[PDB]
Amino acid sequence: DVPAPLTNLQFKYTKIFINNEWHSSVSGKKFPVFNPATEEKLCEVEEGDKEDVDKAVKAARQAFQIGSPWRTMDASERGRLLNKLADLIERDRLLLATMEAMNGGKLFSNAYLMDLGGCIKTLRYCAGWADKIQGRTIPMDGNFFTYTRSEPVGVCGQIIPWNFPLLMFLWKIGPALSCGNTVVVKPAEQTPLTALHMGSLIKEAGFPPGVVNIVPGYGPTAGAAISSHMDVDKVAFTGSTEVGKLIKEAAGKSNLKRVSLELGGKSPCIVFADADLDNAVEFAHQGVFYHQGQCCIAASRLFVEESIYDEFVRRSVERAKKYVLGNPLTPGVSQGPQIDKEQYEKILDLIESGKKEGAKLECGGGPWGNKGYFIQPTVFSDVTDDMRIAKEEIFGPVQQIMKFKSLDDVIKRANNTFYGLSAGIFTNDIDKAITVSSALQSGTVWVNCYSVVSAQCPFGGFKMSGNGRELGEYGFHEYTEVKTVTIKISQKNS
C-alpha cells in the first residue's frame, strides 16, 4: 500500500552531469522549474546549450573507445550494474515519486505505484538482456567462415518529454546501456529533476564515467545540438510529431545518424455491439483520461456501434463526473493539473473548436480553480471525422465519442490518419478480434483492454506515430549495429 508523500523537499542535483561529475552551464545561465499545481518555483537548474552538449558528447565518445572499461567489461556485468541501479531506485522510491509528483503535476499514488514500479521493472527487464544480445554464424557460399557481431551503435543522443519524465528516462538508458552504448540524455525543460537525481544513482551504482551524461535545457538549443551533432551516432526521441520531423531532417543534414522516434497519436478505440459494456466503458475511460489525458496512447477517438451508442455515451459521461481536482500530493485528489500554460491553452482552444464545430458538449468544457493549470474532465459526443478534436492530438482530459454502423467503414475511419501509435478493440467475437486487429494500422492493438504496456513487449508507432520499436526483444536490436566478419579458410564443412 502507499506511503505519505514527502513535503519539505530539498533539492540537491540541479547541474549538468558529465563524466560522473556535476558542471555549471558553460554560459552560467540557469532556468527555473515550477510545480504546475501551485505555479511555485521548485528550484533553478543549470541551462545546457550547444557547448554543454559538446562536452557531453566528448565524454560519451571517450567512454566508448575500444579498450575502455565500458567496452571491455563483461556483458553480464553491464546486467549486474543495471540491476544495482534498480535497487537504488527501490531505496529512493518515496523521494523519486514525490519529486515526480511535484514537478510533473502527477497524482502521487500513481507516481508511486505505476511510474516507479514501471521504472524498476523496465530496468530489471533490460538487465537480463545484456549478455543475451548475440550475433550469428552463417553458412555462406564458398570456403569462408562468416559470423556477425551485434555491436553497440555507439554514442546515443536521447531526447525525452515531460509526461512520464523518469519512466521515459529509463526506457531510453536501460536498453542503450544493456547493449553497451554510451548516451547523452536531454530531459524536457519542464521536468529535469528526477533525471538529475538519477545521475547521482548512476554514479553510486558504479557505471564508468562518460557512460551516462545528462544535459538539462531547452529544445531548439540543447535538443537541436544533439540532433545536428557530427559525432552522435544515433538519436532517439519521444515527443511531438512536429519536433520529430525536425530531428529526422537534422539527422540527414548532418551525419546521417540513425534515428528512432515515438511521436504521439490519435488512437482509435472501437466498441462493437457484442462487447462486454462494463469492461469497455472503464478501459476506454482510463484509456483517454489517465494522467490528465497526457498519454501518447490516449484513446482519443472512441467509435461505438450505433445500437449501443447512446447508452455508451450516458455511462461515459457519468464516469467522467467522478473526479476531485486539486494538488496531486493531497489525499482524495483524483485529477491533477496539466503540465504548463502552453498545453493548458492548447487544450482550451481545442475544446472551444469542438463547441464551435458542432460537437455535443456532455460535461466539463472549461477551466477550474484559480491557481495551477486545471481543466474540468470533458466529454464530447456526436463527433465527426472532419472536426479538429477528431484529428489533432489534444493531450488533455477530453474524450471524443463517435458512432459507426459498418465494420468496413469503421476500420477505414480508424486508419484514416497520419498517426498510428495504438488502437483498442472491444468484442466477444473471435474472428473480429483477429481480423480487425490485423487490419488496423497501429503498432499496438489491445483486445478487450487498453493501455497495457509491459517491458517484454515491443512498443511504437506505424506511420507518423514513429520509427522503430522500444523494449521487448525487438527494441534491443535497435541499439545494436551489425558487423559481418568473413574469414577465408582452406575448406569449409557443414
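Residue numbers here begin at 1 and follow the sequence given.
- For the segment pair 15-23 and 472-480, the entry gives 472-480 the higher mean B-factor, averaged over Cα atoms.
- Looking at mean Cα B-factors across 483-491 and 4-12, the upper value is held by 4-12.
- When the C-alpha B-factors of 204, 131, 87, 385 are ranked from the entry, the top spot goes to 385.
- The entry lists C-alpha B-factors for 148, 163, 378, 227, and the highest of these is at 378.
- For residue 454, the recorded CA B-factor ranks within the middle third of the chain. Only modelled residues enter the ranking.
- Ranked by Cα temperature factor within the chain, residue 368 sits in the highest third according to the deposited record.
- Among all modelled residues in its chain, residue 444 ranks in the lowest third by Cα B-factor.
- Residue 182: CA B factor in the lowest third of modelled residues in this chain (values from the PDB entry).
- Annotation for residue 346: C-alpha temperature factor in the highest third relative to the rest of the modelled chain, per the entry.
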